[PDB]
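As structure tokens, the structure follows; a few thoughts come after it.
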Amino acid sequence: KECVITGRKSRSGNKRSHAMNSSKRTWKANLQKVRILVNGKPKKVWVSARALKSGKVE
Amino acid sequence: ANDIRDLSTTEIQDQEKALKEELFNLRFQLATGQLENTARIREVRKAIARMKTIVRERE
Amino acid sequence: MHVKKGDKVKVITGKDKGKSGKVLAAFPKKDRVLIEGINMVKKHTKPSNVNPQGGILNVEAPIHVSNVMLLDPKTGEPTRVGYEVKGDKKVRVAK
Amino acid sequence: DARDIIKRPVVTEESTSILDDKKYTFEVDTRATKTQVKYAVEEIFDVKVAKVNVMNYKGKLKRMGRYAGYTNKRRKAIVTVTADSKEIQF
Amino acid sequence: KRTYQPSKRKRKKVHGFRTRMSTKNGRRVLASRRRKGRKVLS
RNA sequence: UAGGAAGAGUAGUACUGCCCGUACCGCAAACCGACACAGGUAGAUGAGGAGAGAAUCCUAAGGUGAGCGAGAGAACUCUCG
RNA sequence: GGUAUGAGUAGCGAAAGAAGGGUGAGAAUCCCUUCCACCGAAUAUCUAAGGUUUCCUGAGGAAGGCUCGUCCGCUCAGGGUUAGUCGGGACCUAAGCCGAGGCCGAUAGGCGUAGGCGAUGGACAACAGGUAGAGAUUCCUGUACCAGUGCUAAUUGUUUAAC
RNA sequence: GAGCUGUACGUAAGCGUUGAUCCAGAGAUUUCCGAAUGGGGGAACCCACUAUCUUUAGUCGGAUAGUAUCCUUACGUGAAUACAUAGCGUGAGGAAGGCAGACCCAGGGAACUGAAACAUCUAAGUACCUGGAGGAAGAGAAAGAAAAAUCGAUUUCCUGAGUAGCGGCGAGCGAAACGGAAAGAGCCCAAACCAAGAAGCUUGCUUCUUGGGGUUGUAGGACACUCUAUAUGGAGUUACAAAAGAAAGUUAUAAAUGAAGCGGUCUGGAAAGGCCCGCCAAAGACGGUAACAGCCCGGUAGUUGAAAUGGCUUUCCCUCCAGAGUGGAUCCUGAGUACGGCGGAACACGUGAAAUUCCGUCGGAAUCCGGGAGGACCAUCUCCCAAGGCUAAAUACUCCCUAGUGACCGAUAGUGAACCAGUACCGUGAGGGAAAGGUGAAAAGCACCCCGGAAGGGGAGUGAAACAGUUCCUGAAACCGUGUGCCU
Ligand SMILES: [Mg+2]
Ligand SMILES: [Mg+2]
Ligand SMILES: [Mg+2]
Ligand SMILES: [Mg+2]
Ligand SMILES: [Mg+2]
Ligand SMILES: [Mg+2]
Ligand SMILES: [Mg+2]
Ligand SMILES: [Mg+2]
Ligand SMILES: [Mg+2]
Ligand SMILES: [Mg+2]
Ligand SMILES: [Mg+2]
Ligand SMILES: [Mg+2]
Ligand SMILES: [Mg+2]
Ligand SMILES: [Mg+2]
Ligand SMILES: [Mg+2]
Ligand SMILES: [Mg+2]
Ligand SMILES: [Mg+2]
Ligand SMILES: [Mg+2]
Ligand SMILES: [Mg+2]
Ligand SMILES: [Mg+2]
Ligand SMILES: [Mg+2]
Ligand SMILES: [Mg+2]
Ligand SMILES: [Mg+2]
Ligand SMILES: [Mg+2]
Ligand SMILES: [Mg+2]
Ligand SMILES: [Mg+2]
Ligand SMILES: [Mg+2]
Ligand SMILES: [Mg+2]
Ligand SMILES: [Mg+2]
Ligand SMILES: [Mg+2]
Ligand SMILES: [Mg+2]
Ligand SMILES: [Mg+2]
Ligand SMILES: [Mg+2]
Ligand SMILES: [Mg+2]
Ligand SMILES: [Mg+2]
Ligand SMILES: [Mg+2]
Ligand SMILES: [Mg+2]
Ligand SMILES: [Mg+2]
């Protein structure tokens, strides 16, 4: 579950209350399942919205 | 050992068979309590090993 | 070891110092030697063994090698041993 | 080879009691099938084998001064030769 | 009726060598018993 | 049926048939209970008289006399009349 | 860790023994005989599990055995388990488990398709006698069955096609 | 270079100067399980298929080889579907697993505890799990540190300094630069542009591959001219391109040689000790030997030595290679990047006035008249040129090997383990986890007699000693007894 173009994926960090209690959470990448052809043949792969912004296959 | 190297492979192969037949008979006599010279067994085993070593060297 | 079976040794330490004998056996793993007529012990032997009348047998027991010196047939005295090569094999030499 | 498969004869009151019945008891290689034993015995002794019965003996636990361990596992083959077949000697 | 009702099969299926090897944590156990130098893994 | 096919069956004859288990205990002193432990341990079989019966009492086949004993016959305790 | 005290005390774990004979250095306790007594839908006979040599024979009596011990499930030696047909595998699948690709997921992995594994179930050919220190539907005798194989003999088939 | 067939208390049969046993280098053999890989499996088992050979009258047997999965990559076949793709097959390469319970980098990440309670904070980015490794890793040739006016990659140590700071401004946390040292080393791309294809056909323009070129700040390069090189020189497998060999030296892995007292005498079981004489010493290390040895033995100093294998160092081979100057028409100099908002994290720095660095998300430059930093921010000045990569040494650690050391332990200590110990034993399992060293110099390990079934004793003998008798140096105390001087 990772951007095939970039490598964007889940990363951990803290959620913080007011009062500054911390608890672990993640930041997921905005991955979208799309058909592209990294290799000649097309295929449905995870790609980040950020990677799609501009010039990709679709 | 050097005398073994004088022989042909086929001739060595025949010497092995002869030694294996001898070793079998020794073990058979040993089992039936008829051997006496029990030191022959080790001699023959070594000889067989010597044959098979020379032959593997040939290749 | 500086001596071996057959050697004529003088004994330089123990109840038997001054006595000489022939080396009947060497035990290089124990670093001991068996000298003829030296270190006699009385073995209380049961009949069972090769000895069909048993009895108190008087035989030689082994001495420590460092307690005997080699006898040079020329001088007939205890000598330390050197090693000199003739050509083929090396040989013991007196000093 | 055949003399690998047949290890040694078995000499016991039981083994010796059935020699007259033309049944010969051998200790055979632990991997040897009774078919391999049949053809080995025929090669070695020049006899016609009627049947081979075979049994596995597990190792027997033996002590020797606070050291304990198992004797070798054995495979025992009883080889019955035919009426017409020549005997094995022992 | 006591705990411990022996079964040859259940012993090997739950604790045997191949069951230990079949999981990563099972392999940690084998590695740990080898490290301690146990005569008997599994 | 699709397929594959010159060999097929029938009779007779003799030959061939591997590996693992097989001992012994198994209501038990051998299994599970630290014990030669009044406990626990699936299934098959489980005779006769009287009886509905595998109940009950006495027996058959078969198995057993239980790994401390000899006296004594007080209090008391337990189990009984 | 050793050794006391309690103390020669509690206990010796459900139960019927007896005498004669034997063995032996030694006998309530081992062997034999006879009588007595107990279980008998079991305390009998098989057998699965489990145990793993405890089985048989010959020696033994330190320790173990709640006493004793000449005896033993104990010690030491030798021995002992035989299968085409019994049970399991070279057959089958259930629950369940694994699972090529696949799907999912910080890592590790989780799930799952084909496909496999997996009896507690399905399928599948041997009986009666004998023998015995220790195995027996396994050994032996007799009489079988199942699946194959070659070898004889006829028989039929050899491209509208036996099988 | 004379014995040997391991322990260990055997019996037997044998071997060895025609050189054994033994030591070192190199080979061969190396069952089964295990990633385990032909399929399966309850590890150490079961069951195959395909070739080739072998056996039998044929089944039945035997031998050898191949046969996992994934990735990459050739080639071939090849659907819905016409081309084709997927799929399927074959052949090459490669991976897989383990571990030094260490060190290193990354992903994920506690709590007890401290704060005399506790929530921010601490513990701590610790323990632990997972992945990746390497002999080290990481870092690294400035969009740096500064502002004594200059320095010149990184890392590590000393110092700065418990300073500046951070902080329920609590508990606590806590730098950096300068200065001094160890060690030192620098390089390659991307892009302009050139050539050659290849394709798209935008059809003479554009983007794709290979090669050349080119690597940087008051700029460098391309591009114009110009001078010299095209192996003259130079450089290499530790970056800077990458594989190969030789030879010589040296080190390692066995060994060899090696001085001087049987000196006298005393005690003693024994002399290495005492007393009295000598001697060697580049050797008076250590150990052994019947008590304490430079001169008895193994040795030690010194001096020699290697058939074989491995390491290292050189040299040769082999391989590879353009580098100065002058202009500044134009062109190039890393884009979903830098940066910003929002949410987190890392920075000693807890969102703060919060620079710097990273992550998610959304927005989103300039691009030489350009860009970044100097702790909000602007201006000036100064120093730098990001969004690509590589790079030894100084540093960390030790499962190991070799040689040594210790005002370290000496059997309840020291390892859990001096001894067949991760054993026995306990536990379904993960896991937990002991106890236990000493005869003597030498077995000379008690012939023989006596009591006893034996055990065990008493003699006799061995021995310095047996009150050293096969667990046997010493042998305290508790505790158990016998005897009896005084008392009851
Ligand atoms: Mg069988
Ligand atoms: Mg248990
Ligand atoms: Mg039976
Ligand atoms: Mg019971
Ligand atoms: Mg019940
Ligand atoms: Mg009866
Ligand atoms: Mg009392
Ligand atoms: Mg009382
Ligand atoms: Mg009482
Ligand atoms: Mg009782
Ligand atoms: Mg009843
Ligand atoms: Mg018995
Ligand atoms: Mg007793
Ligand atoms: Mg007995
Ligand atoms: Mg199912
Ligand atoms: Mg299925
Ligand atoms: Mg199955
Ligand atoms: Mg029986
Ligand atoms: Mg039969
Ligand atoms: Mg030699
Ligand atoms: Mg396999
Ligand atoms: Mg507190
Ligand atoms: Mg000397
Ligand atoms: Mg004297
Ligand atoms: Mg002394
Ligand atoms: Mg000494
Ligand atoms: Mg932020
Ligand atoms: Mg912070
Ligand atoms: Mg700024
Ligand atoms: Mg952002
Ligand atoms: Mg900035
Ligand atoms: Mg400022
Ligand atoms: Mg500041
Ligand atoms: Mg730049
Ligand atoms: Mg200790
Ligand atoms: Mg002590
Ligand atoms: Mg300890
Ligand atoms: Mg003692």
Side-chain angles (χ1 to χ4, degrees), chain A residues 1 8-16 19-22 24-30 41 49-51 53-54, chain B residues 35-40 42-43 49 52-53 56-57, chain C residues 1-2 4-5 10-15 17-18 26 28 31-32 39 41-47 54-57 61-69 77-78 80 82-83 89-90, chain D residues 12-14 18 21 23 33-36 38-39 53-58 60-61 66-67 76-78, chain E residues 1-19 21-22 24 29 31-32 35-39 42:
Chain A
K1 185 60 173 301
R8 284 184 166 63
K9 54 180 183 180
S10 177
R11 295 294 299 281
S12 69
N14 297 321
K15 186 181 196 301
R16 309 226 79 163
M20 286 296 306
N21 308 113
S22 84
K24 290 308 206 175
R25 60 159 286 186
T26 58
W27 278 255
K28 304 303 187 185
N30 191 4
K41 282 67 65 174
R50 188 67 163 198
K53 188 181 183 165
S54 77
Chain B
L35 180 43
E36 307 307 302
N37 176 33
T38 202
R40 178 87 268 240
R42 181 166 292 176
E43 290 288 359
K52 297 173 86 84
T53 296
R56 189 60 172 69
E57 287 169 2
Chain C
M1 298 190 333
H2 70 297
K4 62 177 190 168
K5 99 180 301 310
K10 180 83 104 63
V11 179
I12 65 180
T13 298
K15 294 177 196 292
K17 52 181 305 184
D31 212 343
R32 315 180 83 69
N39 189 27
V41 302
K42 307 293 197 309
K43 299 201 174 179
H44 301 73
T45 307
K46 275 286 177 51
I56 293 176
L57 307 175
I63 282 314
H64 193 272
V65 191
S66 72
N67 291 346
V68 300
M69 275 179 121
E77 298 290 355
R80 293 187 307 261
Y83 298 105
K89 53 180 180 181
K90 82 174 63 164
Chain D
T12 62
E13 288 78 2
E14 177 59 13
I18 65 173
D21 305 345
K23 291 176 174 297
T33 74
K34 63 168 51 171
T35 301
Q36 296 183 66
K38 187 175 71 184
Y39 291 121
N53 300 66
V54 76
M55 53 187 111
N56 293 320
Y57 267 81
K58 62 180 78 149
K60 180 182 285 184
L61 187 271
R66 97 181 98 107
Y67 299 124
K76 192 169 65 181
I78 310 176
Chain E
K1 186 178 189 189
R2 295 305 186 182
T3 78
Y4 200 51
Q5 301 298 335
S7 167
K8 284 190 251 287
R9 184 196 179 119
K10 294 170 65 156
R11 176 162 169 84
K12 307 216 102 196
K13 284 289 202 306
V14 178
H15 304 304
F17 180 82
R18 292 178 58 68
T19 295
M21 287 293 290
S22 73
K24 203 177 204 70
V29 165
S32 167
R35 185 163 56 250
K36 198 174 191 191
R38 294 287 193 180
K39 191 89 179 72
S42 78

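To find a chain, count down the sequence lines: A is the first, B the second, and so on, and within it residues start at 1. Below, all heavy atoms of this structure are taken into account, side chains as well, without hydrogens, waters or symmetry copies.
Here A:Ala49 lies in heavy-atom contact (under 4.0 Å) with sugar-phosphate atoms only. Looking at heavy-atom distances under 4.0 Å, A:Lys53 makes contact with a base. At a threshold of 4.0 angstrom between heavy atoms, the contacts of C:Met1 with the nucleic acid are absent. Among the atoms of the strands shown, base atoms are found under 4.0 Å from some heavy atom of D:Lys60. Residue C:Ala61 is classed as having no contact, given no heavy-atom separation below 4.0 Å to the nucleic acid. Within the nucleic acid shown, E:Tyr4 comes within 4.0 Å of sugar-phosphate atoms alone, with no base atom in reach, counting heavy atoms only. When heavy atoms are screened at a 4.0 angstrom cut-off, C:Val65 is found touching no nucleic acid atom at all. Residue contacts for C:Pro62: at a heavy-atom cut-off of 4.0 Å it reaches no nucleic acid atom on any strand shown. Residue contacts shown for D:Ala77 are absent, as no nucleic acid heavy atom lies under 4.0 Å away. Nucleic acid contact for D:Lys34: sugar-phosphate only, since backbone atoms but no base atoms lie under 4.0 Å from a heavy atom of the residue. Among the heavy atoms of the strands lying under 4.0 Å from D:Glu14 is at least one base atom, whether or not backbone atoms are also near. As judged by a 4.0 angstrom heavy-atom cut-off over every strand, B:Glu57 is placed among residues making no nucleic acid contact. Across all strands, D:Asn56 comes closer than 4.0 Å only to sugar-phosphate atoms, never to a base (heavy-atom distances). Here A:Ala51 lies out of heavy-atom contact (under 4.0 Å) with every strand.
With H:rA345, G:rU53, G:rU82 as the candidates, the nucleotide lying closest to the side chain of A:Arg16 is H:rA345. Checking H:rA447, H:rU85, H:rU361 against the side-chain heavy atoms of C:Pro47 singles out H:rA447 as nearest. In this structure, the nucleotide among F:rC32, H:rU257, H:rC60 sitting nearest to the side chain of D:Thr35 is H:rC60. Proximity note for A:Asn14 (side chain, C-beta onward) versus H:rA345, H:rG431, H:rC262: the nearest is H:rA345. The side chain of D:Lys76 sits closest to G:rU81 out of G:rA83, G:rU81, H:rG61.
Of the two residues contacting RNA chain F, namely D:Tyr39 and D:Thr33, the nearest-nucleotide position lying further toward the 5' end is that of D:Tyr39. Comparing A:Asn30 and C:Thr45, the nucleotide of RNA chain H nearest to each residue sits closer to the 5' end for A:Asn30.
Atoms CD1 and CG, on C:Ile12 and C:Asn67 in that order, are 6.5 Å from each other to the nearest 0.5 Å.
Going from atom NZ of E:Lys24 over to atom P of G:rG110 covers 10 Å, rounded to whole Å. Between the P atom of H:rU415 and the NZ atom of E:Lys36 lies a distance of 18 Å, rounded to the nearest Å. Atom P of nucleotide H:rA424 and atom OH of D:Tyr67 are separated by 13 Å, given to the nearest angstrom. Distance CD1 (C:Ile63) to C1' (H:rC296): 14 Å, rounded to an integer number of Å. Nucleotide F:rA42 holds its P atom 11 Å from the CD atom of E:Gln5, rounded to whole Å. The nearest whole Å value for the distance from the CE atom in D:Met55 to the P atom in F:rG21 is 12 Å. Going from atom CZ of A:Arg11 over to atom P of H:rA106 covers 11 Å, rounded to whole Å.
Within the shown strands, H:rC4 is the pairing partner of H:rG14 under the Watson-Crick or G-U definition, both distances less than 3.5 Å. H:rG197 and H:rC208 make up a base pair, with Watson-Crick or G-U wobble contacts both under 3.5 Å. As the counterpart of H:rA219, H:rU333 is assigned, both hydrogen-bonding distances of the Watson-Crick or G-U wobble pattern falling under 3.5 Å. Base pairing of H:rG273 is made with H:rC266, judged by Watson-Crick or G-U wobble geometry with both donor-acceptor distances under 3.5 Å. Remark: G:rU159 base-pairs with no nucleotide in the shown strands. Criterion, Watson-Crick or G-U wobble with two distances under 3.5 Å. F:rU22 is unpaired under the criterion used here, namely a Watson-Crick or G-U wobble arrangement in which both key atom distances are under 3.5 Å. G:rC117 is paired with G:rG96 under the criterion used here, namely a Watson-Crick or G-U wobble arrangement in which both key atom distances are under 3.5 Å. When Watson-Crick and G-U wobble pairs are counted only if both distances are under 3.5 Å, H:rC70 pairs with H:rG94.
Within 3.5 Å, no donor on the side chain of E:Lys12 pairs with an acceptor on the base of H:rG41, nor the reverse. Side-chain atoms of E:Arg2 stay outside donor-acceptor range of the base of F:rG40, with no qualifying N/O pair under 3.5 Å. At a cut-off of 3.5 angstrom, the base of H:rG422 holds no donor-acceptor pair with the side chain of E:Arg35. Residue-to-nucleotide contacts include no donor-acceptor pair under 3.5 Å from the side chain of E:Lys1 to the base of F:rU41. For E:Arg11 and H:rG429, a side-chain-to-base donor-acceptor distance below 3.5 Å is absent, hydrogens and geometry of angles not being considered. Checked by distance alone, C:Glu77 brings a side-chain donor or acceptor within 3.5 Å of a matching partner on the base of H:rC262.
Side chain to side chain, A:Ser10 and A:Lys28 meet the donor-acceptor criterion of an N or O pair below 3.5 Å.
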Response to the item:
Protein-proximity profile, nucleotides 270-283 of chain H, B/S/- by nucleotide at the 4.0 Å heavy-atom cutoff, equals SS------------
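An aromatic stacking contact links E:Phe17 with the base of H:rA43, defined here by ring centres under 5.5 Å apart and ring planes under 30° from parallel.
Under the 3.5 Å cutoff applied to both distances, G:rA147 and F:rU16 qualify as a Watson-Crick or G-U wobble pair. Judged by the 3.5 Å cutoff on both pairing distances, G:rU43 and G:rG24 do not qualify as a Watson-Crick or G-U wobble pair. A Watson-Crick or G-U wobble pair joins H:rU315 and H:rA246, with the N1-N3 or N1-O2 distance and the second distance both under 3.5 Å. Taken together, H:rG10 and H:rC75 fail the test for a Watson-Crick or G-U wobble pair, since the two needed distances are not both under 3.5 Å. For the criterion of Watson-Crick or G-U wobble pairing, both bonds shorter than 3.5 Å, the nucleotides H:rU37 and H:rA229 do not count as partners.
Side-chain atoms of A:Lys9 and A:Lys1, non-hydrogen and from C-beta on, never get closer than 4.5 Å to each other.
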